[PDB]
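Engineer: first portion of the complex, with coordinates as positioned in the assembly:
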Amino acid sequence: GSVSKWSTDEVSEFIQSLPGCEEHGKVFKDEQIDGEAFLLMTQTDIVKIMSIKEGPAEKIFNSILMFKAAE
């Protein structure tokens, strides 16, 4: 069930399940980052644009990389 079809809520809920990322789902939801948009993001986007610390940003981007490899 490819991430490209995930809703914004699914992306947010996934991020909240990562350790130390519970506080960060809300910004993804408010920015309307659905699965299609999620796959376009980089770690720099998460740190510099979304103002998320490097540690959680790395966990999110590592998930993005895994999701992209599965497309």
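Structural biologist: Arrived safely, thanks for sending. Residues are numbered from 1 along each chain as shown, chains lettered A, B, ... in the order given.

Engineer: could you name the helices and strands sitting against the helix ranked longest in chain A?
Structural biologist: With residue count as the measure and DSSP state H as the assignment, chain A has helix A:54-69 as its longest helix. Helices and strands in packing contact with helix A:54-69 are listed as helix A:8-16, helix A:35-38, helix A:43-44; criterion 3 or more CB pairs under 8 Å, 6 or more residues apart in numbering; DSSP states H and E. C-beta: built from backbone N, CA, C; applies to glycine.

Engineer: for residue A:53, which of these is the nearest?
Structural biologist: Each of the helices and strands packed on helix A:54-69 has some distance to residue A:53 by CB to CB; the shortest is helix A:43-44, at 11.3 Å.

Engineer: then chain B, please:
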Amino acid sequence: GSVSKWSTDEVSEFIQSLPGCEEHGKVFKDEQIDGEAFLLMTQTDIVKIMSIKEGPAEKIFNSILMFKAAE
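Structural biologist: Just below you will find chain B, in place on the chains above:
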């Protein structure tokens, strides 16, 4: 919110959210793998004991490693 306190259902639902692992949450639930037990597993356990293919097993174990590093 540490994975060590996750229920069996939470572990199963997390696994189902990984790409290509939708079919594999059920065995984790039936084996009563809660968060505490999840952190004790290796990729060999997933491949050899649970009979899950290497690809999905690697995605699950990579999650276990991230969860353990956060404890």
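
Engineer: repeat for what packs on helix A:54-69, accounting for chain B.
Structural biologist: In terms of contact count using 3 or more CB pairs under 8 Å, 6 or more residues apart in numbering or on different chains; DSSP states H and E, helix A:54-69 is assigned the packing partners helix A:8-16, helix A:35-38, helix A:43-44, helix B:54-69.

Engineer: can you lay out those as a markdown table showing distance to residue B:29 and mean neighbour count?
Structural biologist: Putting these into a markdown table (distance: least, CB to CB, whole Å; neighbours: other CB atoms under 10 Å in any protein chain shown) gives the following:
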| stretch | distance to residue B:29 | mean neighbour count |
| --- | --- | --- |
| helix A:8-16 | 18 | 19 |
| helix A:35-38 | 25 | 18 |
| helix A:43-44 | 33 | 14 |
| helix B:54-69 | 14 | 17 |
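
Engineer: save those helices as CSV, and put in distance to residue A:62 too.
Structural biologist: Shown next, in CSV, are the helices and strands packed on helix A:54-69 (distance: least, CB to CB, whole Å):
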stretch, distance to residue A:62
helix A:8-16, 12
helix A:35-38, 13
helix A:43-44, 9
helix B:54-69, 7
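
Engineer: build in chain C:
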Amino acid sequence: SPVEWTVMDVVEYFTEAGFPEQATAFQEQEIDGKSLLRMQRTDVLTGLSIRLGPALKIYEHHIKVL
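Structural biologist: Adding chain C to the chains above:
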């Protein structure tokens, strides 16, 4: 070609493409086709007052390939 588009052409393109709320950003800043196509990724993501999800798609699936 899109380099010849007027501001109204840019607004129409993004409305037709399913970004009607974001299209107003191009109207507000009077961004014509030539300026649109030169926009850098960071300009689209942070300089239009639009949500990041739409902005990512606008850049990667439209500006980059027009």
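
Engineer: what do you get for what packs on helix A:54-69 once chain C is counted?
Structural biologist: Secondary-structure packing of helix A:54-69 (3+ CB pairs under 8 Å, 6+ apart): helix A:8-16, helix A:35-38, helix A:43-44, helix B:54-69.

Engineer: could you dump these to TSV with distance to residue B:2?
Structural biologist: Compiled in TSV, those are given as follows (distance: least, CB to CB, whole Å):
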stretch	distance to residue B:2
helix A:8-16	14
helix A:35-38	25
helix A:43-44	24
helix B:54-69	8
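
Engineer: what's the closest non-adjacent residue to residue C:4?
Structural biologist: For residue C:4, the nearest residue in space outside its immediate sequence neighbours is residue C:33; the separation is 6.0 Å by CB to CB, 6 or more residues apart in numbering or on different chains.
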